[PDB]
Amino acid sequence: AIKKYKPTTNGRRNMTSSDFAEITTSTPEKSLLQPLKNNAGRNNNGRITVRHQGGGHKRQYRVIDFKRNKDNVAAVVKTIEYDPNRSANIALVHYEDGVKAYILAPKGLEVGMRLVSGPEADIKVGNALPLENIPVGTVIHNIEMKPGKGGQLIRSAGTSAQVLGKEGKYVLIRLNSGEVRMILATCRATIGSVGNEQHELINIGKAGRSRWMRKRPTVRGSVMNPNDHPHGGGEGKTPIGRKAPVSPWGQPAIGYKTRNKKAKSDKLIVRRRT
Amino acid sequence: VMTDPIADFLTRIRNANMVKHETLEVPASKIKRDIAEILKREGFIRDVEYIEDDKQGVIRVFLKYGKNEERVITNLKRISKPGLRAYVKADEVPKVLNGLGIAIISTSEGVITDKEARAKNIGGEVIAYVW
Amino acid sequence: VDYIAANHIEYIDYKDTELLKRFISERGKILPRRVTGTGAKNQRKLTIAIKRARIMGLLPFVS
Amino acid sequence: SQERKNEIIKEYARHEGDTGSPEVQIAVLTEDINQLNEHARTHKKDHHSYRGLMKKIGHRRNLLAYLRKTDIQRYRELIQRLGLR
Amino acid sequence: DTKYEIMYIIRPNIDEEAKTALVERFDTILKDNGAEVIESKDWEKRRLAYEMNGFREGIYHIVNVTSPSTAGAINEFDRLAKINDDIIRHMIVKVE
RNA sequence: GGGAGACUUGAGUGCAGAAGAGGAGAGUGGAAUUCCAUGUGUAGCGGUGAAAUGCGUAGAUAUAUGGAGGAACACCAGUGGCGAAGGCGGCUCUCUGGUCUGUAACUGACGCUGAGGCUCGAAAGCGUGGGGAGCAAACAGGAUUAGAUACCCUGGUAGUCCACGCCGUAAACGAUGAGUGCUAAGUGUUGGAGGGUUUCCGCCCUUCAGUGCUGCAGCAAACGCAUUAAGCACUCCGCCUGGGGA
Ligand SMILES: [K+]
Ligand SMILES: [K+]
Ligand SMILES: [K+]
Ligand SMILES: [K+]
Ligand SMILES: [K+]
Ligand SMILES: [K+]
Ligand SMILES: [K+]
Ligand SMILES: [K+]
Ligand SMILES: [K+]
Ligand SMILES: [Mg+2]
Ligand SMILES: [Mg+2]
Ligand SMILES: [Mg+2]
Ligand SMILES: [Mg+2]
Ligand SMILES: [Mg+2]
Ligand SMILES: [Mg+2]
Ligand SMILES: [Mg+2]
Ligand SMILES: [Mg+2]
Ligand SMILES: [Mg+2]
């Protein structure tokens with residue numbers, strides 16, 4: 001659940017966090033841990049390509065099995081663990097043959113659940129099936145766009161998608177964004193919705209916490225200089241003072257669509273949203 | 001629940017007299033028997049009788065109506081109530097309608113009328129007025 | 001006369017379309033008990049049975 | 001459940017056939033209260049059933065008060081057996 | 001225990017072998033979830049009072065079962081019947 | 001009144017039965033509206049007292065077939081049922097409260113009321129997060145009018161729906177606190193119980209608990225109430241003391 005801190009200090013005032021009750025252990029699997037360096041939004045050229053990133057707490061990557069392609073044996077859910085790299089929690093599961101792995105934690109997952117993958121798997125939380133075998137109306141997550149590539153859609157905390165129907169070699173899916181689109185029927189997905197549904201309600205509370213979470217301060221364009229931002233310059237506070245608000249590189253900010261107009265996927269996108 | 005069985009008995013008699021019923025029946029008790037016998041000997045009620053059952057007994061009262069079916073009992077009033085007990089000293093014994101009625105009183109000499117109570121020069125608890 | 005009591009049946013199967021038909025009109029509407037001669041208890045039981053039959057497709061909802 | 005009720009009655013009967021008594025009634029009501037507490041914790045919005053729960057609690061309190069007024073030793077023994085306060 | 005009647009409609013196009021396998025599978029589910037199937041029988045192939053999932057005919061099959069109320073046999077049957085394609089519709093009702 | 005006893009009518013338990021939109025949880029079914037898509041098809045559709053706004057040749061309205069989604073549950077349906085009240089109406093299952101009728105095995109007054117407290121409490125409203133078909137404050141336009149910040153018409157946001165948590169107010173009304181006992185009848189209806197017939201159905205009598213109407217005694221200022229008292233009585237609680245100010 002969400003625990004709200006008493007206003008002992010102005011920094012602590014109005015702050016809330018997660019009690020991490022669902023978390024069972026704080027010992028990550030050494031075998032599945034991999035090193036990660038903080039790129040701080042800088043590419044191989046060393047240029048800052050994405051602003052407002054850098055600093056923060058060191059993290060280790062937990063290899064998540066988004067593919068869920070080990071259909072032979074079931075996996076016993078051993079622990080629900082905190083993952084610094086993603087909003088949702090992860091789950092350490094042991095395969096009966098002795099292979100240990102991580103998966104995204106679906107809502108309602110419990111330690112001891114015996115999860116299965118493959119066309120014959122039952123329609124239960126945590127199981128993985130090809131979309132063709134998932135009955136209409138089912139709630140799913142961890143949907144893979146290309147067969148064998150591994151789940152890509154619906155992976156953030158609390159997200160979910162709904163199966164709406166079949167057509168040809170495609171399955172109709174409503175994604176968390178509300179966009180309705182076709183996805184190749186041979187693609188797999190996990191039954192249920194991503195756990196940690198409460199993540200959105202957390203009130204960060206202070207700047208230092210964002211810094212911990214690796215967000216550097218964001219500067220409004222209206223307070224920069226003319227050569228720095230289109231909104232920069234002017235005496236005192238000023239309005240946008242342009243036909244439309246624009247990004248630092250002149251791209252309009254409000255309402256201007258950026259999706260490629262000749263994108264191939266348009267053929268598969270049935271109804272858009274956002 | 002019933003809290004004043006004496007007042008209940010008085011009200012039963014009052015209603016039966018009002019509709020001019022010939023008889024009435026009540027759950028029995030020592031105080032009720034005393035009141036019934038007092039009325040019997042004072043001529044307010046034609047007759048009294050008792051039936052033995054397995055709860056508390058029953059007391060049956062045969063009312064008295066004069067020529068032209070005129071009601072002998074004009075009314076009854078409960079004086080001492082559970083909410084407020086009423087006690088009178090010997091001098092304070094009340095006269096009902098200048099004696100045309102009666103006041104049933106419980107005293108250390110037993111349950112008696114106001115006439116008897118003031119003749120003996122003792123007070124008590126004024127159970128009821130009858131007239 | 002209450003047909004249910006007359007036939008002396010205390011159980012009303014929702015499958016007995018034969019029985020349920022005499023208690024609905026054309027258009028499939030349920031008849032008032034004042035019209036069908038039946039009592040309140042049997043009327044309620046018939047209502048439940050007919051609704052279940054409608055749900056299971058044994059009786060039509062309309063027409 | 002009737003079987004559970006009967007077994008409790010047999011356990012707490014003051015004597016053969018003692019269906020009604022402070023001990024028997026209080027024990028049965030305590031078991032009912034526990035079960036209904038579980039039910040309420042499952043369905044916190046079941047105010048209508050919670051009212052019946054409160055009525056049971058009140059009746060059990062009245063019976064306990066009567067038992068204490070009557071025989072304090074039996075009252076103490078009963079509360080010790082049933083784990084009450 | 002409590003007695004339930006489960007009546008469900010099998011899509012008319014089902015093959016005989018498929019129907020037999022389906023009936024056995026669902027009765028097995030009921031048995032495995034701690035419920036005693038006192039009977040299961042194909043009732044009738046009938047016309048529906050209205051179209052259901054594009055069909056106007058259906059095979060009504062009746063399963064009389066008993067179980068403790070707490071037992072999940074009824075819930076599991078409901079879940080799997082809803083998921084399944086062969087069963088157009090189903091209804092479970094307490095009986096005497 | 002206190003103490004020591006006994007008793008079963010009050011009260012409760014036991015045993016055998018009855019009905020119910022009682023409550024909560026999770027599902028599910030059809031009608032219909034709206035929208036989306038595709039045919040057919042041509043000039044209106046819509047609406048008023050009359051109009052206009054509006055929608056429509058970018059092909060509407062209509063009509064046919066589908067799809068999505070929200071909300072409420074036609075017929076049954078009834079001063080019918082249930083709940084302390086608010087209120088509860090599609091169907092299914094899980095949990096669950098209460099009520100009533102028998103019997104008389106059990107306890108043996110264990111009961112009533114109940115300030116202060118605690119709980120629930122229509123609609124609107126508030127917070128977080130969802131949902132959002134129809135309706136609809138605000139708002140916009142068109143009419144009306146002297147004016148029309150309205151009635152009327154065309155749209156339409158919050159809200160109306162869900163989960164959680166606040167709010168705790170209503171002509172929250174039977175404008176009638178609860179408990180108990182007594183006092184003509186007549187006639188409906190709901191759930192039982194018993195008996196006398198009746199081949200069963202059913203018909204008659206009795207009786208219990210609700211719900212209605214009519215109507216004695218009595219009460220009332222009158223209106224009217226009248227075994228569901230506003231009559232006759234007792235216990236406890238709440239509340240009133242001219243109108244305004246308030
Ligand atoms: K702060
Ligand atoms: K995290
Ligand atoms: K900023
Ligand atoms: K500036
Ligand atoms: K199905
Ligand atoms: K019940
Ligand atoms: K709201
Ligand atoms: K009646
Ligand atoms: K004054
Ligand atoms: Mg940024
Ligand atoms: Mg500057
Ligand atoms: Mg510039
Ligand atoms: Mg500028
Ligand atoms: Mg300036
Ligand atoms: Mg509301
Ligand atoms: Mg309007
Ligand atoms: Mg008020
Ligand atoms: Mg009556």
# chains A, B, ... in the order shown; residues from 1 in each chain; ligands from 1
>>> residues_near_ligand(ligand="ligand 6", cutoff="9 Å", atoms="only C-alpha atoms (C1' of nucleotides) and all ligand atoms", output="VMD selection string")
chain F and resid 96 to 98
>>> interface_residues(of="chain F", to="chain C", cutoff="10 Å", atoms="only C-alpha atoms (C1' of nucleotides)", output="list in words")
residues 19, 28, 29, 30, 31, 74, 75, 76, 77, 78, 80, 90, 91, 92, 190, 191, 200, 201 and 202 of chain F
>>> residues_near_ligand(ligand="ligand 8", cutoff="9 Å", atoms="only C-alpha atoms (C1' of nucleotides) and all ligand atoms", output="PyMOL selection string")
chain F and resi 188-189+210-212
>>> residues_around(residues="segment 81-87 of chain E", least_positions_apart="2", cutoff="10 Å", atoms="only C-alpha atoms (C1' of nucleotides)", output="number ranges by chain")
A: 123, 134-138; E: 8-14, 18-19, 22, 26, 53, 58-61, 75-79, 89-91; F: 28
>>> interface_residues(of="chain B", to="chain F", cutoff="7 Å", atoms="only C-alpha atoms (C1' of nucleotides)", output="list in words")
residues 1, 2, 3, 4, 7, 8, 11, 12, 15, 19 and 55 of chain B
>>> residues_near_ligand(ligand="ligand 16", cutoff="12 Å", atoms="only C-alpha atoms (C1' of nucleotides) and all ligand atoms", output="PyMOL selection string")
chain F and resi 135-140+150-156
>>> residues_around(residues="segment 72-80 of chain B", least_positions_apart="5", cutoff="10 Å", atoms="only C-alpha atoms (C1' of nucleotides)", output="ChimeraX atom specification")
/B:4,6-11,13-15,17-18,39,43-46,63-67,85-87,101-105,125-131 /F:233-234
>>> residues_around(residues="segment 61-78 of chain D", least_positions_apart="4", cutoff="8 Å", atoms="only C-alpha atoms (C1' of nucleotides)", output="list in words")
residues 22, 23, 25, 26, 57 and 82 of chain D; 110 of chain F
>>> write_last_selection(atoms="N, CA and C atoms (P, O5', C5', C4', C3', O3' and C1' of nucleotides)", output="PDB file, in the first residue's frame")
ATOM      1  N   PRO D  22     -27.502 -19.918  30.532  1.00  0.00           N
ATOM      2  CA  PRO D  22     -26.475 -18.906  30.257  1.00  0.00           C
ATOM      3  C   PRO D  22     -25.257 -19.485  29.567  1.00  0.00           C
ATOM      4  N   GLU D  23     -24.734 -20.610  30.060  1.00  0.00           N
ATOM      5  CA  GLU D  23     -23.510 -21.164  29.493  1.00  0.00           C
ATOM      6  C   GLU D  23     -23.709 -21.563  28.039  1.00  0.00           C
ATOM      7  N   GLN D  25     -26.111 -20.804  25.823  1.00  0.00           N
ATOM      8  CA  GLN D  25     -26.458 -19.716  24.922  1.00  0.00           C
ATOM      9  C   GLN D  25     -25.262 -18.810  24.680  1.00  0.00           C
ATOM     10  N   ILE D  26     -24.494 -18.514  25.730  1.00  0.00           N
ATOM     11  CA  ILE D  26     -23.346 -17.630  25.575  1.00  0.00           C
ATOM     12  C   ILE D  26     -22.292 -18.272  24.686  1.00  0.00           C
ATOM     13  N   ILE D  57     -24.189  -9.571  19.823  1.00  0.00           N
ATOM     14  CA  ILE D  57     -23.251  -9.145  20.857  1.00  0.00           C
ATOM     15  C   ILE D  57     -24.006  -8.615  22.065  1.00  0.00           C
ATOM     16  N   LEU D  82     -14.476 -19.900  27.673  1.00  0.00           N
ATOM     17  CA  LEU D  82     -14.718 -19.291  26.373  1.00  0.00           C
ATOM     18  C   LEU D  82     -13.695 -18.227  26.000  1.00  0.00           C
TER      19      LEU D  82
ATOM     20  P     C F 110     -34.079  -9.976  36.204  1.00  0.00           P
ATOM     21  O5'   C F 110     -33.030 -10.448  35.107  1.00  0.00           O
ATOM     22  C5'   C F 110     -33.309 -10.294  33.725  1.00  0.00           C
ATOM     23  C4'   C F 110     -32.380 -11.121  32.878  1.00  0.00           C
ATOM     24  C3'   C F 110     -32.679 -11.131  31.389  1.00  0.00           C
ATOM     25  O3'   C F 110     -32.125 -10.006  30.731  1.00  0.00           O
ATOM     26  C1'   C F 110     -32.217 -13.339  32.158  1.00  0.00           C
TER      27        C F 110
END
>>> atom_distance(atom1="atom CA of residue 21 of chain D", atom2="atom CA of residue 57 of chain B")
27.0 Å
>>> select_by_dssp(residues="segment 26-129 of chain B", states="strand (DSSP E or B)", output="PDB file with N, CA and C atoms, in the first residue's frame")
ATOM      1  N   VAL B  26     -58.575 -11.766  34.747  1.00  0.00           N
ATOM      2  CA  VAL B  26     -57.248 -11.169  34.897  1.00  0.00           C
ATOM      3  C   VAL B  26     -56.295 -12.199  35.471  1.00  0.00           C
ATOM      4  N   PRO B  27     -55.006 -12.065  35.164  1.00  0.00           N
ATOM      5  CA  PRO B  27     -54.005 -12.846  35.899  1.00  0.00           C
ATOM      6  C   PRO B  27     -54.060 -12.519  37.383  1.00  0.00           C
ATOM      7  N   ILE B  45     -68.779  -4.270  42.672  1.00  0.00           N
ATOM      8  CA  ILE B  45     -68.770  -5.372  41.723  1.00  0.00           C
ATOM      9  C   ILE B  45     -69.680  -6.471  42.242  1.00  0.00           C
ATOM     10  N   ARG B  46     -70.390  -7.111  41.316  1.00  0.00           N
ATOM     11  CA  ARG B  46     -71.393  -8.091  41.703  1.00  0.00           C
ATOM     12  C   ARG B  46     -70.770  -9.309  42.368  1.00  0.00           C
ATOM     13  N   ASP B  47     -69.671  -9.824  41.824  1.00  0.00           N
ATOM     14  CA  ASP B  47     -69.110 -11.048  42.382  1.00  0.00           C
ATOM     15  C   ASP B  47     -67.657 -11.205  41.962  1.00  0.00           C
ATOM     16  N   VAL B  48     -66.949 -12.063  42.692  1.00  0.00           N
ATOM     17  CA  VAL B  48     -65.560 -12.394  42.396  1.00  0.00           C
ATOM     18  C   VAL B  48     -65.393 -13.901  42.521  1.00  0.00           C
ATOM     19  N   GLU B  49     -64.490 -14.462  41.723  1.00  0.00           N
ATOM     20  CA  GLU B  49     -64.156 -15.875  41.829  1.00  0.00           C
ATOM     21  C   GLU B  49     -62.737 -16.090  41.327  1.00  0.00           C
ATOM     22  N   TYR B  50     -62.171 -17.240  41.681  1.00  0.00           N
ATOM     23  CA  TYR B  50     -60.784 -17.558  41.378  1.00  0.00           C
ATOM     24  C   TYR B  50     -60.705 -18.929  40.726  1.00  0.00           C
ATOM     25  N   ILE B  51     -59.760 -19.082  39.803  1.00  0.00           N
ATOM     26  CA  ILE B  51     -59.499 -20.340  39.116  1.00  0.00           C
ATOM     27  C   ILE B  51     -58.025 -20.667  39.284  1.00  0.00           C
ATOM     28  N   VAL B  58     -56.158 -17.352  37.911  1.00  0.00           N
ATOM     29  CA  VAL B  58     -56.967 -16.364  37.211  1.00  0.00           C
ATOM     30  C   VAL B  58     -58.030 -15.856  38.168  1.00  0.00           C
ATOM     31  N   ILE B  59     -58.334 -14.570  38.082  1.00  0.00           N
ATOM     32  CA  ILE B  59     -59.375 -13.953  38.889  1.00  0.00           C
ATOM     33  C   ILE B  59     -60.444 -13.424  37.947  1.00  0.00           C
ATOM     34  N   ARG B  60     -61.682 -13.861  38.152  1.00  0.00           N
ATOM     35  CA  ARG B  60     -62.805 -13.455  37.324  1.00  0.00           C
ATOM     36  C   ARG B  60     -63.726 -12.564  38.142  1.00  0.00           C
ATOM     37  N   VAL B  61     -64.121 -11.442  37.550  1.00  0.00           N
ATOM     38  CA  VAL B  61     -64.963 -10.451  38.198  1.00  0.00           C
ATOM     39  C   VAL B  61     -66.268 -10.341  37.427  1.00  0.00           C
ATOM     40  N   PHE B  62     -67.381 -10.480  38.139  1.00  0.00           N
ATOM     41  CA  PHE B  62     -68.715 -10.262  37.601  1.00  0.00           C
ATOM     42  C   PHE B  62     -69.140  -8.854  37.979  1.00  0.00           C
ATOM     43  N   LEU B  63     -69.336  -8.007  36.972  1.00  0.00           N
ATOM     44  CA  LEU B  63     -69.658  -6.609  37.212  1.00  0.00           C
ATOM     45  C   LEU B  63     -71.084  -6.458  37.718  1.00  0.00           C
ATOM     46  N   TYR B  65     -74.448  -3.986  37.568  1.00  0.00           N
ATOM     47  CA  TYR B  65     -75.182  -2.920  36.902  1.00  0.00           C
ATOM     48  C   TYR B  65     -76.563  -2.811  37.525  1.00  0.00           C
ATOM     49  N   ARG B  71     -74.380   2.024  35.343  1.00  0.00           N
ATOM     50  CA  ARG B  71     -73.094   1.528  35.808  1.00  0.00           C
ATOM     51  C   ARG B  71     -72.881   1.900  37.267  1.00  0.00           C
ATOM     52  N   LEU B  76     -62.293   4.368  37.864  1.00  0.00           N
ATOM     53  CA  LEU B  76     -61.192   4.002  38.742  1.00  0.00           C
ATOM     54  C   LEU B  76     -59.964   4.805  38.350  1.00  0.00           C
ATOM     55  N   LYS B  77     -59.136   5.133  39.334  1.00  0.00           N
ATOM     56  CA  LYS B  77     -57.920   5.900  39.105  1.00  0.00           C
ATOM     57  C   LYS B  77     -56.785   5.300  39.915  1.00  0.00           C
ATOM     58  N   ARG B  78     -55.653   5.062  39.261  1.00  0.00           N
ATOM     59  CA  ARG B  78     -54.465   4.567  39.943  1.00  0.00           C
ATOM     60  C   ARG B  78     -53.725   5.748  40.556  1.00  0.00           C
ATOM     61  N   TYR B  87     -47.788   7.999  49.253  1.00  0.00           N
ATOM     62  CA  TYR B  87     -48.013   7.586  50.631  1.00  0.00           C
ATOM     63  C   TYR B  87     -48.726   8.705  51.370  1.00  0.00           C
ATOM     64  N   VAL B  88     -49.640   8.337  52.260  1.00  0.00           N
ATOM     65  CA  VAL B  88     -50.408   9.293  53.044  1.00  0.00           C
ATOM     66  C   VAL B  88     -50.333   8.897  54.508  1.00  0.00           C
ATOM     67  N   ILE B 102     -64.529   5.383  47.231  1.00  0.00           N
ATOM     68  CA  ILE B 102     -63.609   4.795  48.191  1.00  0.00           C
ATOM     69  C   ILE B 102     -62.189   4.971  47.688  1.00  0.00           C
ATOM     70  N   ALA B 103     -61.247   4.902  48.617  1.00  0.00           N
ATOM     71  CA  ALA B 103     -59.831   4.874  48.301  1.00  0.00           C
ATOM     72  C   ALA B 103     -59.219   3.615  48.893  1.00  0.00           C
ATOM     73  N   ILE B 104     -58.809   2.706  48.020  1.00  0.00           N
ATOM     74  CA  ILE B 104     -58.172   1.461  48.421  1.00  0.00           C
ATOM     75  C   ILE B 104     -56.732   1.783  48.779  1.00  0.00           C
ATOM     76  N   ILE B 105     -56.323   1.356  49.973  1.00  0.00           N
ATOM     77  CA  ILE B 105     -55.028   1.681  50.554  1.00  0.00           C
ATOM     78  C   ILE B 105     -54.407   0.406  51.098  1.00  0.00           C
ATOM     79  N   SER B 106     -53.093   0.277  50.949  1.00  0.00           N
ATOM     80  CA  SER B 106     -52.341  -0.809  51.564  1.00  0.00           C
ATOM     81  C   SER B 106     -51.645  -0.280  52.809  1.00  0.00           C
ATOM     82  N   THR B 107     -51.844  -0.962  53.931  1.00  0.00           N
ATOM     83  CA  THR B 107     -51.288  -0.546  55.207  1.00  0.00           C
ATOM     84  C   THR B 107     -50.698  -1.748  55.924  1.00  0.00           C
ATOM     85  N   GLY B 110     -52.857  -4.392  56.440  1.00  0.00           N
ATOM     86  CA  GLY B 110     -53.333  -5.009  55.219  1.00  0.00           C
ATOM     87  C   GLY B 110     -53.909  -3.977  54.264  1.00  0.00           C
ATOM     88  N   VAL B 111     -54.548  -4.493  53.222  1.00  0.00           N
ATOM     89  CA  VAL B 111     -55.217  -3.661  52.233  1.00  0.00           C
ATOM     90  C   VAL B 111     -56.628  -3.390  52.736  1.00  0.00           C
ATOM     91  N   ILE B 112     -56.987  -2.114  52.835  1.00  0.00           N
ATOM     92  CA  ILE B 112     -58.246  -1.690  53.433  1.00  0.00           C
ATOM     93  C   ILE B 112     -58.711  -0.421  52.731  1.00  0.00           C
ATOM     94  N   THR B 113     -59.954  -0.032  52.994  1.00  0.00           N
ATOM     95  CA  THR B 113     -60.483   1.205  52.453  1.00  0.00           C
ATOM     96  C   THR B 113     -60.047   2.390  53.305  1.00  0.00           C
ATOM     97  N   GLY B 124     -50.671   4.797  54.937  1.00  0.00           N
ATOM     98  CA  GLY B 124     -50.238   3.726  54.060  1.00  0.00           C
ATOM     99  C   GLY B 124     -50.034   4.243  52.648  1.00  0.00           C
ATOM    100  N   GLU B 125     -50.037   3.304  51.706  1.00  0.00           N
ATOM    101  CA  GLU B 125     -49.859   3.619  50.297  1.00  0.00           C
ATOM    102  C   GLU B 125     -51.217   3.596  49.608  1.00  0.00           C
ATOM    103  N   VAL B 126     -51.585   4.708  48.979  1.00  0.00           N
ATOM    104  CA  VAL B 126     -52.893   4.837  48.344  1.00  0.00           C
ATOM    105  C   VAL B 126     -52.847   4.093  47.015  1.00  0.00           C
ATOM    106  N   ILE B 127     -53.382   2.874  46.996  1.00  0.00           N
ATOM    107  CA  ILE B 127     -53.356   2.074  45.780  1.00  0.00           C
ATOM    108  C   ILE B 127     -54.264   2.672  44.715  1.00  0.00           C
ATOM    109  N   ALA B 128     -55.503   3.017  45.066  1.00  0.00           N
ATOM    110  CA  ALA B 128     -56.407   3.461  44.010  1.00  0.00           C
ATOM    111  C   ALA B 128     -57.577   4.246  44.581  1.00  0.00           C
ATOM    112  N   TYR B 129     -58.254   4.970  43.693  1.00  0.00           N
ATOM    113  CA  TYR B 129     -59.554   5.567  43.957  1.00  0.00           C
ATOM    114  C   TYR B 129     -60.594   4.879  43.086  1.00  0.00           C
TER     115      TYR B 129
END
>>> residues_around(residues="residue 88 of chain A", least_positions_apart="6", cutoff="9 Å", atoms="only C-alpha atoms (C1' of nucleotides)", output="VMD selection string")
chain A and resid 82 104 to 106 155 to 158 194 to 197 199
